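Student: Quick one: structure below, then a few questions.
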Amino acid sequence: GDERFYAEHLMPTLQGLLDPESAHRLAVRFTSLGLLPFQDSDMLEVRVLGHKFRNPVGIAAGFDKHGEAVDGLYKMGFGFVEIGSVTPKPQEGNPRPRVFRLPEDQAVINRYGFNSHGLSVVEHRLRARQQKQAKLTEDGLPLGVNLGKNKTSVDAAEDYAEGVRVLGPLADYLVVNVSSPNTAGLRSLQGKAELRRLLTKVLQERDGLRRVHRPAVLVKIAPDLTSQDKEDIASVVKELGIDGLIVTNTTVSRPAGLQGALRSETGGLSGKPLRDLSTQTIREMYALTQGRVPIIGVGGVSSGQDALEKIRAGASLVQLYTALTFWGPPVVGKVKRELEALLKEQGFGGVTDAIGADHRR
Ligand SMILES: Cc1cc2nc3c(=O)[nH]c(=O)nc-3n(C[C@H](O)[C@H](O)[C@H](O)COP(=O)(O)O)c2cc1C
Ligand SMILES: C/C(O)=C(\C#N)C(=O)Nc1ccc(-c2ccccc2Cl)c(Cl)c1
Ligand SMILES: O=C(O)c1cc(=O)[nH]c(=O)[nH]1
C-alpha cells in the first residue's frame, strides 16, 4: 500500500516477469476482484456535466475497455470511471505485440486497434450493476462510456449512433472518440463538415433517449491537430451545443529525446512525453470555446502538479492511465494528495476556483 514499494519494486518486477499486454490483463483481473493496496476532501469536489464528482481524477479510456473493473476502479480512488472504447460488433484488434513500455521515458506506445467485446456484451455487463451505478453516480462517482467504430464499418456515424442507443441509457456521459491513431480514417472525422454531420446524428440519437437515461456527449480529440482543425472543432462544438471535450488522446508524434529502445514502434504515445502537448491543447481549446465548454484534461498526468497544470489551463476534470502502468494504484492517492496541497498553497478554495485560472492572469 506504499508508493515507494510499488514504484521501486512491485512494478519493475512485474515488468520483468510479464509482457505488457499480459500485465494489463492481470491488472484488470485484480482490479475487478478489488485486490488493491486517502480521504477525499470537500476541496476536490467538482460539479460539471450535470453531475457531482467527488474528486476530479478519473481513469482514462483504454484501461477498462470492456467495463469489467468499474467497481474496482472506484475502490482504487478514481472520482469517475470511463470505459471503452466500445465498438458495435466484437472485434479482435491488431496482432500482438501491440503495446510497449518505454520505462526510460515513463511512456507507453500502443496500437491495440479497438479490441472490443462489443456493445451487447458491455450492455449486459453494465445492466448487471445498473442500480449499484445509479447510487454511485448520486454519491458523486459518475460513469463515462467511450464509443468507437468497427474497423470494417462503412458508416462511421451509424456505428456511433448504435453506441448511443445501446450504452447511452447506462452512461452519465458518452465520448465520441474520433482520435484513436490506430483506426484508418478515424481522426479525419475531426474535420468540419464530417464532424458536424457526425455529431448532429449522435446528438439526435442522444436527445431521443428518456430523460433519466440521457447522457452528456463529449468529443475526444487528438493532440496532433492543426490550428485549423482546432478552430473548426471549437466552432462545431459551440454550434451544436456539444457538452464537453476530452483533451487529449495519444500522439502519433515522436518528440525529440525519447530514449526507449521501442520508441519507433507504430502507435500512439502516452505518458510523460505527451504531458505538455496535451496541456497546451487544453489551453487552446479552452480559449477557443471561451471557457464555456467543460474539458476533461488527459495526457501525462502522474502528479498533483501535472493535474493542477491541466486544471489551470482549462480542465474541469483530469484522467490518467499511463502513470498507473509505472507506479501502480498508489499513484491515484498521490495525485489527489498532491493536488489538494497545491490548491491550498496557491490560495484556491477548491478545484472549482482553479479551473482556467491561467486564462485570468
Ligand atoms: C494501452 C492504451 C490503450 C488506450 N485505449 C484507448 C481507447 O480505447 N479509447 C480512447 O479514447 N483512448 C484510449 N487510450 C488513450 C487514453 O485514454 C489517454 O487519452 C492517453 O493515454 C493519455 O493519457 P495518459 O498519458 O495518462 O496515458 C489508450 C491509451 C493506452 C495507453
Ligand atoms: C503495461 C502495464 O503494466 C499496464 C498497461 N496497460 C498496466 O495496467 N499495469 C498495471 C499492472 C498492475 C496494476 C495493479 C492492479 C491491481 C492491483 C495492483 C496492481 Cl500493481 C495496475 Cl493498476 C496496472
Ligand atoms: O488502439 C486503441 O485501441 C486505441 C489506442 C489509443 O491510444 N487511443 C485510442 O483511442 N484507441
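Chain identifiers are assigned as A, B, and so on, following the order in which chains appear in the C-alpha cells; residues are numbered from 1 within each chain, and ligands are numbered from 1 in order of appearance.
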Excluding residue 267 of chain A and residues on its chain fewer than 6 positions from it, collect all residues at most 10 Å away from it, counting only C-alpha atoms, and give them as a PyMOL selection string.

Tutor: chain A and resi 98-100+108-113+180-182+250-253

Student: Please save C-alpha atoms of the selected residues as an mmCIF file, in the first residue's frame.

Tutor:
```cif
data_model
loop_
_atom_site.group_PDB
_atom_site.id
_atom_site.type_symbol
_atom_site.label_atom_id
_atom_site.label_comp_id
_atom_site.auth_asym_id
_atom_site.auth_seq_id
_atom_site.Cartn_x
_atom_site.Cartn_y
_atom_site.Cartn_z
ATOM 1 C CA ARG A 98 0.638 -4.188 -29.767
ATOM 2 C CA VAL A 99 1.669 -2.407 -26.523
ATOM 3 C CA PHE A 100 5.145 -1.373 -25.403
ATOM 4 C CA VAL A 108 3.799 3.757 -23.489
ATOM 5 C CA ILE A 109 3.167 3.142 -27.172
ATOM 6 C CA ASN A 110 0.048 1.167 -28.112
ATOM 7 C CA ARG A 111 -1.604 0.046 -31.321
ATOM 8 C CA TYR A 112 -4.440 -2.098 -29.923
ATOM 9 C CA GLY A 113 -6.750 -1.114 -32.792
ATOM 10 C CA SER A 180 -7.508 6.936 -31.974
ATOM 11 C CA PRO A 181 -4.262 6.830 -34.020
ATOM 12 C CA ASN A 182 -4.941 3.113 -34.632
ATOM 13 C CA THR A 250 -2.354 9.678 -27.589
ATOM 14 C CA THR A 251 0.107 11.272 -30.043
ATOM 15 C CA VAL A 252 1.436 9.936 -33.354
ATOM 16 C CA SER A 253 4.412 12.290 -32.875
#
```

Student: Which residues are near ligand 2 in this structure, taking near to mean any atom at most 6 Å from a ligand atom and counting only C-alpha atoms and all ligand atoms? Format them as number ranges by chain.

Tutor: A: 20-21, 23-24, 27, 30-31, 35-36, 324-325, 328-329

Student: Keeping only N, CA, C and O atoms, take the residues you just selected and write them out as an mmCIF file, in the first residue's frame.

Tutor:
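Final output, saved to out_0.cif:
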```cif
data_model
loop_
_atom_site.group_PDB
_atom_site.id
_atom_site.type_symbol
_atom_site.label_atom_id
_atom_site.label_comp_id
_atom_site.auth_asym_id
_atom_site.auth_seq_id
_atom_site.Cartn_x
_atom_site.Cartn_y
_atom_site.Cartn_z
ATOM 1 N N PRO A 20 3.791 -6.533 -21.562
ATOM 2 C CA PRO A 20 2.850 -5.504 -21.121
ATOM 3 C C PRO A 20 1.363 -5.859 -21.295
ATOM 4 O O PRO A 20 0.570 -5.581 -20.405
ATOM 5 N N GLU A 21 0.977 -6.470 -22.409
ATOM 6 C CA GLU A 21 -0.442 -6.850 -22.541
ATOM 7 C C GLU A 21 -0.880 -7.803 -21.431
ATOM 8 O O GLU A 21 -1.967 -7.653 -20.855
ATOM 9 N N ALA A 23 0.500 -8.116 -18.418
ATOM 10 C CA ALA A 23 0.460 -7.354 -17.178
ATOM 11 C C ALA A 23 -0.849 -6.559 -17.107
ATOM 12 O O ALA A 23 -1.480 -6.505 -16.056
ATOM 13 N N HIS A 24 -1.270 -5.983 -18.235
ATOM 14 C CA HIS A 24 -2.524 -5.232 -18.246
ATOM 15 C C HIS A 24 -3.734 -6.131 -17.961
ATOM 16 O O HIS A 24 -4.598 -5.812 -17.133
ATOM 17 N N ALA A 27 -3.796 -6.890 -14.425
ATOM 18 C CA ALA A 27 -4.252 -5.683 -13.735
ATOM 19 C C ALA A 27 -5.778 -5.594 -13.717
ATOM 20 O O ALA A 27 -6.362 -5.332 -12.672
ATOM 21 N N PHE A 30 -7.202 -8.390 -11.293
ATOM 22 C CA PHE A 30 -7.032 -7.987 -9.901
ATOM 23 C C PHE A 30 -7.963 -6.859 -9.497
ATOM 24 O O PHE A 30 -8.575 -6.885 -8.415
ATOM 25 N N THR A 31 -8.076 -5.865 -10.375
ATOM 26 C CA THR A 31 -8.913 -4.715 -10.088
ATOM 27 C C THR A 31 -10.375 -5.139 -9.994
ATOM 28 O O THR A 31 -11.064 -4.759 -9.047
ATOM 29 N N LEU A 35 -8.734 -6.542 -5.462
ATOM 30 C CA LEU A 35 -7.481 -6.868 -4.788
ATOM 31 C C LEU A 35 -6.489 -5.729 -5.004
ATOM 32 O O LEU A 35 -5.665 -5.766 -5.925
ATOM 33 N N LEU A 36 -6.597 -4.714 -4.151
ATOM 34 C CA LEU A 36 -5.861 -3.466 -4.312
ATOM 35 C C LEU A 36 -5.205 -3.043 -3.000
ATOM 36 O O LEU A 36 -5.725 -3.351 -1.921
ATOM 37 N N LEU A 324 -0.377 4.788 -14.057
ATOM 38 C CA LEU A 324 -0.754 3.526 -13.383
ATOM 39 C C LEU A 324 0.154 2.363 -13.777
ATOM 40 O O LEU A 324 0.503 1.522 -12.938
ATOM 41 N N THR A 325 0.577 2.339 -15.043
ATOM 42 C CA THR A 325 1.407 1.246 -15.555
ATOM 43 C C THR A 325 2.848 1.299 -15.043
ATOM 44 O O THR A 325 3.587 0.319 -15.147
ATOM 45 N N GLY A 328 1.619 1.987 -10.378
ATOM 46 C CA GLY A 328 0.562 1.184 -9.787
ATOM 47 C C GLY A 328 -0.481 2.044 -9.088
ATOM 48 O O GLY A 328 -0.388 3.284 -9.084
ATOM 49 N N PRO A 329 -1.487 1.390 -8.488
ATOM 50 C CA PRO A 329 -2.622 2.043 -7.823
ATOM 51 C C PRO A 329 -2.285 3.182 -6.827
ATOM 52 O O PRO A 329 -3.059 4.138 -6.744
#
```

Student: For ligand 1, return the neighbouring residues as a ChimeraX atom specification (distance at most 7 Å; only C-alpha atoms and all ligand atoms).

Tutor: /A:60-63,65,84-85,99,108-110,112,114,146,177,180,220,248-250,270-272,274-275,298-301,319-323

Student: Just to be explicit: take each residue in the selection above, keep N, CA, C and O atoms, and write the result as a short mmCIF file (atom, residue, chain, number, x, y, z; two decimals), in the first residue's frame.

Tutor:
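Listing of again_22.cif after writing:
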```cif
data_model
loop_
_atom_site.label_atom_id
_atom_site.label_comp_id
_atom_site.auth_asym_id
_atom_site.auth_seq_id
_atom_site.Cartn_x
_atom_site.Cartn_y
_atom_site.Cartn_z
N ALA A 60 -8.67 7.07 -17.45
CA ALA A 60 -8.86 7.33 -18.88
C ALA A 60 -9.33 6.05 -19.59
O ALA A 60 -9.08 4.93 -19.12
N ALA A 61 -10.02 6.24 -20.72
CA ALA A 61 -10.43 5.15 -21.58
C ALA A 61 -9.22 4.30 -21.95
O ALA A 61 -8.09 4.81 -22.05
N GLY A 62 -9.45 3.01 -22.18
CA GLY A 62 -8.39 2.10 -22.61
C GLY A 62 -7.97 1.14 -21.50
O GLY A 62 -7.58 0.02 -21.79
N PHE A 63 -8.04 1.58 -20.25
CA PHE A 63 -7.67 0.68 -19.17
C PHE A 63 -8.73 -0.42 -19.03
O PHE A 63 -8.40 -1.62 -18.98
N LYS A 65 -11.45 -1.49 -21.16
CA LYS A 65 -12.08 -1.35 -22.47
C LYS A 65 -13.48 -1.96 -22.46
O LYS A 65 -14.37 -1.48 -23.17
N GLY A 84 -14.25 1.65 -22.19
CA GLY A 84 -14.16 1.70 -23.66
C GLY A 84 -12.73 1.94 -24.13
O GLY A 84 -11.80 1.95 -23.31
N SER A 85 -12.55 2.17 -25.43
CA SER A 85 -13.63 2.35 -26.41
C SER A 85 -14.36 1.05 -26.70
O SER A 85 -13.74 -0.03 -26.75
N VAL A 99 1.43 -3.39 -27.60
CA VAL A 99 1.67 -2.41 -26.52
C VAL A 99 3.09 -2.56 -26.01
O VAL A 99 3.63 -3.68 -25.92
N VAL A 108 4.31 4.96 -22.85
CA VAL A 108 3.80 3.76 -23.49
C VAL A 108 3.50 4.08 -24.95
O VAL A 108 3.13 5.22 -25.28
N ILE A 109 3.69 3.08 -25.82
CA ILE A 109 3.17 3.14 -27.17
C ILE A 109 2.21 1.96 -27.31
O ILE A 109 2.58 0.83 -26.93
N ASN A 110 1.03 2.22 -27.85
CA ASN A 110 0.05 1.17 -28.11
C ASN A 110 -0.57 1.28 -29.50
O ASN A 110 -0.78 2.39 -30.03
N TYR A 112 -3.42 -1.06 -30.12
CA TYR A 112 -4.44 -2.10 -29.92
C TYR A 112 -5.41 -2.23 -31.09
O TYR A 112 -5.75 -3.34 -31.49
N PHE A 114 -8.61 -0.89 -31.22
CA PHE A 114 -10.00 -1.05 -30.73
C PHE A 114 -10.43 -2.52 -30.57
O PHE A 114 -11.49 -2.91 -31.07
N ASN A 146 -17.00 5.35 -23.52
CA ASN A 146 -16.32 5.82 -24.69
C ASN A 146 -16.66 4.91 -25.88
O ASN A 146 -16.45 3.70 -25.81
N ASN A 177 -15.15 9.22 -29.61
CA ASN A 177 -13.74 9.09 -29.79
C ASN A 177 -13.45 9.14 -31.25
O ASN A 177 -13.56 8.12 -31.94
N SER A 180 -8.47 8.04 -32.00
CA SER A 180 -7.51 6.94 -31.97
C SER A 180 -6.54 7.02 -33.16
O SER A 180 -6.99 7.18 -34.29
N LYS A 220 -13.72 13.48 -27.93
CA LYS A 220 -12.33 13.30 -27.54
C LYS A 220 -11.41 13.54 -28.73
O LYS A 220 -11.53 12.89 -29.78
N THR A 248 -6.26 15.12 -24.09
CA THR A 248 -6.22 14.57 -25.45
C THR A 248 -6.09 13.05 -25.45
O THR A 248 -5.82 12.44 -24.41
N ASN A 249 -6.26 12.47 -26.64
CA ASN A 249 -5.82 11.10 -26.92
C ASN A 249 -4.30 11.03 -27.01
O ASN A 249 -3.57 12.00 -26.71
N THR A 250 -3.80 9.87 -27.44
CA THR A 250 -2.35 9.68 -27.59
C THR A 250 -1.82 10.40 -28.83
O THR A 250 -2.60 10.78 -29.71
N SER A 270 1.90 7.82 -25.14
CA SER A 270 1.25 8.34 -23.93
C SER A 270 2.27 8.55 -22.81
O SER A 270 3.46 8.20 -22.97
N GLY A 271 1.85 9.12 -21.69
CA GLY A 271 2.76 9.30 -20.56
C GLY A 271 3.50 10.63 -20.63
O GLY A 271 3.04 11.58 -21.25
N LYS A 272 4.63 10.69 -19.94
CA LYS A 272 5.31 11.98 -19.73
C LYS A 272 5.61 12.77 -21.02
O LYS A 272 5.42 13.99 -21.03
N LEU A 274 4.00 13.04 -23.64
CA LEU A 274 2.74 13.65 -24.11
C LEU A 274 2.27 14.83 -23.24
O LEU A 274 1.46 15.65 -23.69
N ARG A 275 2.74 14.89 -21.99
CA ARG A 275 2.10 15.73 -20.98
C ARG A 275 1.85 17.16 -21.44
O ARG A 275 0.70 17.66 -21.41
N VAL A 298 -6.35 15.15 -20.20
CA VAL A 298 -5.73 13.83 -20.11
C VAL A 298 -4.45 13.86 -20.94
O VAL A 298 -4.41 14.49 -22.02
N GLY A 299 -3.44 13.17 -20.44
CA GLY A 299 -2.16 13.00 -21.13
C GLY A 299 -1.01 13.33 -20.19
O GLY A 299 -0.79 14.48 -19.86
N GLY A 300 -0.29 12.30 -19.75
CA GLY A 300 0.91 12.51 -18.94
C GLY A 300 0.71 13.00 -17.51
O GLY A 300 1.63 13.56 -16.93
N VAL A 301 -0.47 12.77 -16.94
CA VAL A 301 -0.72 13.15 -15.53
C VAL A 301 -0.16 12.07 -14.61
O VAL A 301 -0.64 10.92 -14.63
N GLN A 319 -7.86 12.94 -16.24
CA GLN A 319 -7.78 11.50 -16.23
C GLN A 319 -6.31 11.09 -16.38
O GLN A 319 -5.48 11.87 -16.87
N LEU A 320 -6.02 9.86 -16.00
CA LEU A 320 -4.69 9.29 -16.25
C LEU A 320 -4.84 7.82 -16.60
O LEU A 320 -5.86 7.18 -16.26
N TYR A 321 -3.84 7.29 -17.29
CA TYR A 321 -3.74 5.85 -17.50
C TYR A 321 -2.27 5.46 -17.38
O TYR A 321 -1.91 4.69 -16.49
N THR A 322 -1.42 6.00 -18.24
CA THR A 322 -0.03 5.51 -18.33
C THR A 322 0.71 5.51 -16.98
O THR A 322 1.46 4.57 -16.69
N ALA A 323 0.46 6.52 -16.14
CA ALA A 323 1.09 6.58 -14.80
C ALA A 323 0.83 5.33 -13.96
O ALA A 323 1.72 4.86 -13.24
#
```

Student: I need the residue nearest ligand 3 from this list: A:83, A:331, A:357, A:156. Use only C-alpha atoms and all ligand atoms for the distance.

Tutor: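 Between A:83, A:331, A:357, A:156, the residue approaching ligand 3 most closely is A:83.
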
Student: Calculated over only C-alpha atoms, which of the candidates A:292, A:165, A:135, A:52 has the smallest distance to residue 202 of chain A?

Tutor: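 Looking only at the distances to residue 202 of chain A, the closest residue turns out to be A:165.
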
Student: Have a look at A:279, A:152, A:266, A:41 and name the one nearest to ligand 3; count only C-alpha atoms and all ligand atoms.

Tutor: A:266

Student: I'd like to know which of A:148, A:185, A:356, A:37 is closest to residue 290 of chain A, using only C-alpha atoms.

Tutor: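 That would be A:356, the residue with the smallest distance to residue 290 of chain A.
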
Student: Go through segment 88-232 of chain A and collect every residue that DSSP, computed from the backbone, puts in alpha helix (DSSP H); the answer should be as a PyMOL selection string.

Tutor: chain A and resi 119-127+130-138+156-167+192-207+227-232

Student: Just checking: using only C-alpha atoms and all ligand atoms, which residue out of A:187, A:344, A:101, A:336 ends up closest to ligand 3?

Tutor: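 Comparing A:187, A:344, A:101, A:336 against ligand 3, the winner is A:187.
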
Student: Leaving out segment 226-229 of chain A and any residue of its chain fewer than 2 positions from it, which residues lie within 10 Å of it when counting only C-alpha atoms, given as a ChimeraX atom specification?

Tutor: /A:188,190-192,222-224,231-235,284

Student: For the residues in the current selection, export N, CA and C atoms as an mmCIF file, in the first residue's frame.

Tutor:
```
data_model
loop_
_atom_site.group_PDB
_atom_site.id
_atom_site.type_symbol
_atom_site.label_atom_id
_atom_site.label_comp_id
_atom_site.auth_asym_id
_atom_site.auth_seq_id
_atom_site.Cartn_x
_atom_site.Cartn_y
_atom_site.Cartn_z
ATOM 1 N N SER A 188 -9.816 11.672 -39.229
ATOM 2 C CA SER A 188 -10.345 12.558 -40.267
ATOM 3 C C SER A 188 -11.816 12.933 -40.018
ATOM 4 N N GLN A 190 -12.524 14.268 -37.464
ATOM 5 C CA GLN A 190 -12.268 15.532 -36.747
ATOM 6 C C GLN A 190 -12.449 16.792 -37.626
ATOM 7 N N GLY A 191 -12.469 16.616 -38.949
ATOM 8 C CA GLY A 191 -12.692 17.728 -39.893
ATOM 9 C C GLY A 191 -14.092 18.325 -39.787
ATOM 10 N N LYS A 192 -14.282 19.546 -40.298
ATOM 11 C CA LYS A 192 -15.509 20.334 -40.026
ATOM 12 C C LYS A 192 -16.880 19.799 -40.492
ATOM 13 N N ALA A 222 -7.499 14.416 -30.662
ATOM 14 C CA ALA A 222 -6.065 14.176 -30.738
ATOM 15 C C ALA A 222 -5.243 15.388 -30.280
ATOM 16 N N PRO A 223 -3.976 15.138 -29.897
ATOM 17 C CA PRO A 223 -3.007 16.184 -29.598
ATOM 18 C C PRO A 223 -2.270 16.642 -30.863
ATOM 19 N N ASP A 224 -2.601 16.065 -32.012
ATOM 20 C CA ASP A 224 -1.827 16.294 -33.239
ATOM 21 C C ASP A 224 -2.546 17.156 -34.262
ATOM 22 N N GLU A 231 -9.651 25.119 -34.475
ATOM 23 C CA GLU A 231 -10.577 26.200 -34.735
ATOM 24 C C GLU A 231 -11.940 25.641 -35.182
ATOM 25 N N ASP A 232 -11.909 24.705 -36.131
ATOM 26 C CA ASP A 232 -13.134 24.072 -36.675
ATOM 27 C C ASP A 232 -13.901 23.274 -35.616
ATOM 28 N N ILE A 233 -13.168 22.492 -34.821
ATOM 29 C CA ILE A 233 -13.783 21.729 -33.730
ATOM 30 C C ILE A 233 -14.478 22.656 -32.728
ATOM 31 N N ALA A 234 -13.802 23.733 -32.323
ATOM 32 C CA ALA A 234 -14.415 24.695 -31.389
ATOM 33 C C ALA A 234 -15.718 25.283 -31.940
ATOM 34 N N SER A 235 -15.697 25.654 -33.219
ATOM 35 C CA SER A 235 -16.866 26.203 -33.905
ATOM 36 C C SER A 235 -18.056 25.227 -33.902
ATOM 37 N N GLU A 284 -5.496 25.846 -25.548
ATOM 38 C CA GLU A 284 -6.021 26.335 -26.825
ATOM 39 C C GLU A 284 -7.534 26.121 -26.975
#
```

Student: Considering only C-alpha atoms, return as an NGL selection string whatever protein or nucleic-acid residues lie within 12 Å of residue 47 of chain A, sequence-local ones (same chain, fewer than 6 positions apart) excluded.

Tutor: :A and (53-56 or 79 or 140-142 or 294 or 316-317 or 350-353 or 355)

Student: Neighbouring residues of residue 10 of chain A were defined as those with any atom within 12 Å, considering only C-alpha atoms; residues of the same chain fewer than 2 positions away were excluded. Please report them as a VMD selection string.

Tutor: chain A and resid 1 to 8 12 to 17 23 37 325 to 330

Student: Which of these, A:43, A:335, A:164, A:219, has the shortest distance to ligand 3 once you count only C-alpha atoms and all ligand atoms?

Tutor: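 So, comparing all the options, the nearest one is A:219.
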
Student: Give me, as a PyMOL selection string, the residues of segment 152-181 of chain A that a backbone DSSP run labels strand (DSSP E or B).

Tutor: chain A and resi 173-177

Student: What is the distance between atom CA of residue 210 of chain A and atom CA of residue 121 of chain A, in Å to one decimal?

Tutor: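 Between these atoms lies a distance of 22.2 Å.
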